[PDB]
There are 10 protein chains.
Amino acid sequence: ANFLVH
Amino acid sequence: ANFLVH
Amino acid sequence: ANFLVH
Amino acid sequence: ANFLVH
Amino acid sequence: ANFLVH
Amino acid sequence: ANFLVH
Amino acid sequence: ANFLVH
Amino acid sequence: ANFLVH
Amino acid sequence: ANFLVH
Amino acid sequence: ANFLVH
């Protein structure tokens, strides 16, 4: 899984 | 898993 | 399981 | 399990 | 298990 | 797992 | 287990 | 595991 | 186990 | 494991 929170 | 929090 | 809380 | 709390 | 608390 | 917190 | 508290 | 806290 | 408290 | 706290 990939998580990106800007 | 990859986590990136900006 | 993956948990991310911003 | 992975836990990330920002 | 991995724990990261910011 | 990879964790990056900016 | 890995623990990181910032 | 890799941890980076900026 | 690895523990890091900042 | 690798830990870097800036």
# chains A, B, ... in the order shown; residues from 1 in each chain; ligands from 1
>>> residues_around(residues="residue 6 (chain A)", least_positions_apart="4", cutoff="10 Å", atoms="only C-alpha atoms", output="count of residues only")
5
>>> atom_distance(atom1="CA of residue 3 (chain I)", atom2="CA of residue 1 (chain C)")
20.9 Å
